[PDB]
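First comes one chain, alone, set out as structure tokens in the form deposited in one PDB entry.
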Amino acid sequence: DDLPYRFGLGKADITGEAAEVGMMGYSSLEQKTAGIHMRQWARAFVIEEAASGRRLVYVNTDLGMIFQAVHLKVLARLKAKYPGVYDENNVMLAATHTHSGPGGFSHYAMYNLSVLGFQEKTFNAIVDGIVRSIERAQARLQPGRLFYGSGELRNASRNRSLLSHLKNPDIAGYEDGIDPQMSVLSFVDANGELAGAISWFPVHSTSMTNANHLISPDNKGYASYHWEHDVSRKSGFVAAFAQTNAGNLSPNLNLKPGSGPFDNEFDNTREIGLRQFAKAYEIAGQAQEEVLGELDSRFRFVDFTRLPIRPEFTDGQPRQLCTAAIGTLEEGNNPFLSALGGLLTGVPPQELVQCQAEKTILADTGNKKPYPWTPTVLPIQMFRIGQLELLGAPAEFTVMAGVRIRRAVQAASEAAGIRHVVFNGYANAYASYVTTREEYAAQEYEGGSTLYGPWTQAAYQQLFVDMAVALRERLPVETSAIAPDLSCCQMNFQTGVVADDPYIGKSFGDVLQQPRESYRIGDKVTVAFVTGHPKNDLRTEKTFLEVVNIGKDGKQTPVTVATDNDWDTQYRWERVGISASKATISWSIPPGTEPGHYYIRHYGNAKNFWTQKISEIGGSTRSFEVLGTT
């Protein structure tokens, strides 16, 4: 015949600087990276219509957000290497909204504030890994089928701003403040075995708190890892856990037996990840509806400055968006904030005060010079995948802000044969929060980070409906406005690596703490090595550590059984004295590990003060025995 689509699945490492960079999400000057729990990945899904095609690519990333700077550079790189294949119309980048990665990868000052500015090494790793994930995906194209399903996930999330949610007049089906809908797009190969999947479900990826310093992809990242590493059987499975409208949704409390909820953020991350995984796996297993039909897409950069909004989307009067403002730790420090001005002096312009409505302005970000602290030109994008439409929206939408847009788009698209509309927030840029008009009036946290005023949600609804109508009628969307390039003029106040020295009387790679003679399943092995600063080399597609199996004995050929990516391992870096440092590596030995002999290897990099040369360093522990059974 035969198969309606081809798809390609790819994954690549986008982990940034693992020590001494402010983390992105919690806005803390006292949350710097200090190691890795699990790495961050870009997971790319290339889809081609056999009829056609007509190729689309969707990439979900283990990041707090995908900033405009990343989107622009990724597109340029794709156009340079693969001319005519990819552009803004057929590439969607989205983020899981983990709050446990290194920051500094926006070009807008607001989002770099707590990080003390732009961190080029982390930015570059993100861009490069997103591109590598697409390269890997497109090199693995195969014929297959696509299925769609949905279901209700009850106990994974909770509304964190319920007072505002309840101000909406239209909350039937959302009376608990939760959007319980999970949607799954499954990728079924010519065998039809499940080759990969994308799950969409809204919940903040904040199980690892602002007290944590280890890099982690958080609860959605655990869901992906559990599917790829613990569950599939097949290689190489790619499972993305993506967001929808999560602006006002937090992980539910973890009240599983024997746990306080509070007691252990790793347990919480695993539990909330597992709750999402279990539902995604259930839905995929149902293969509810085969996806059939054309691939299509639209994309527009929209200038938000004085954007007119038609009365059909507002209270019934014509409206216009406001320039950006935030409503009501630097301190202290913050030299980057100081280089920006920093906070004050208002009163802001009267026109701004007036049209921001119930907001009490804390910072007038839109009027900052030479550059606004927040974006002004924002991407709006939609993919059609058979009877599915997937929307990529550049912000955090509350449940009702997203639901209203979904409803409006489904109404506009029904005649085109669309039956399911999936709203993917955190896509292509990041412009803070979107609350409905009613929520905005309450001015809880999400209101007050709704930058463009009370009609921000109405603007997005208009933009998406107009795009849906263009798709329906065939026909282009309006010409894109011109996304500002701020690459020239990025500031940074985060110091780098001066140099590394080994511990006095030792060499890089020397073992500081050897493992015990023997351990049992369930025990944690902790070892430590003289190291150098992880800012020297991200060890992209490699590792800071290996757990190595050498057999029952002997004497057997070494086989790596765990890397720094794995849930069961941790890598921690800490400064010792002026220029020395230690790498502490742990392994929690999981059920099912073979009894036998093991050791731990460390890989790192060190910088010479005099030459500035960066070299490879490393070491291996003595062996230890895991005791048990089979």
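Only residues modelled in both forms are compared. Under this definition, the rigid core comprises the largest set of C-alpha atoms superposing within 1.5 Å between the forms. In this text, residue numbers run from 1 along the sequence as written.
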**Unmodelled stretch of the deposited sequence separating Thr328 from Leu329, binned as none, 1 to 3, 4 to 9 or 10 or more** = 10 or more
**Complete:** Per the PDB entry, mean CA B-factor is higher for 550-558 or 286-294, namely for 550-558
**Fill in**
For 447-455 versus 128-136, entry-based mean Cα B-factors point to 447-455
**Asked** Out of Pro217, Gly117, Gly332, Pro102, which shows the largest CA B-factor listed in the entry?
**Response** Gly332
**Prompt:** Between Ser518, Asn492, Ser150, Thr376, which one tops the list for C-alpha B-factor in the PDB entry?
**Reply:** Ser518
**Fill in**
So, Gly505's CA B-factor, relative to its chain, sits in which third? The highest
**Request:** Would you mind ranking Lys234 by its C-alpha B-factor against the rest of the chain and naming the third, lowest, middle or highest?
**Result:** highest
**Message:** Split into thirds by Cα B-factor across the chain's modelled residues, where does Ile585 land: lowest, middle or highest?
**Reply:** middle
**Asked** Taking the entry's C-alpha B-factors for this chain, is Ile614 in the lowest, middle or highest third?
**Response** highest
**Asked** Which third of the chain holds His226 when residues are ordered by C-alpha B factor: lowest, middle or highest?
**Response** lowest
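Although it is not shown, the form deposited in another entry is what the next lines describe.
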**Asked** Quick one: with the rigid core lined up, which of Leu255, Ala211, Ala278, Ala415 moves its CA 2 Å or more between this form and the one not shown?
**Response** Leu255
**Asked** Aligning on the rigid core, do we see the C-alpha of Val559 shift 2 angstroms or more between this form and the one not shown?
**Response** no
**Request:** Inspect the rigid-core superposition and answer whether the C-alpha of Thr345 shifts by 2 angstroms or more between this form and the one not shown.
**Result:** yes
**Asked** Your call: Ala278 and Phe262 CA atoms, closer or farther in that other deposited form versus the shown structure, by 3 Å or more?
**Response** closer
**Prompt:** Given that the distance between the C-alpha atoms of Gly101 and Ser259 changes by 3 Å or more in that other deposited form, do they end up closer or farther than here?
**Reply:** closer
**Message:** Give the residue ranges, in sequence order, where three or more consecutive C-alphas each shift by 2 Å or more between this form and the one not shown after rigid core alignment.
**Reply:** 252-263, 345-347
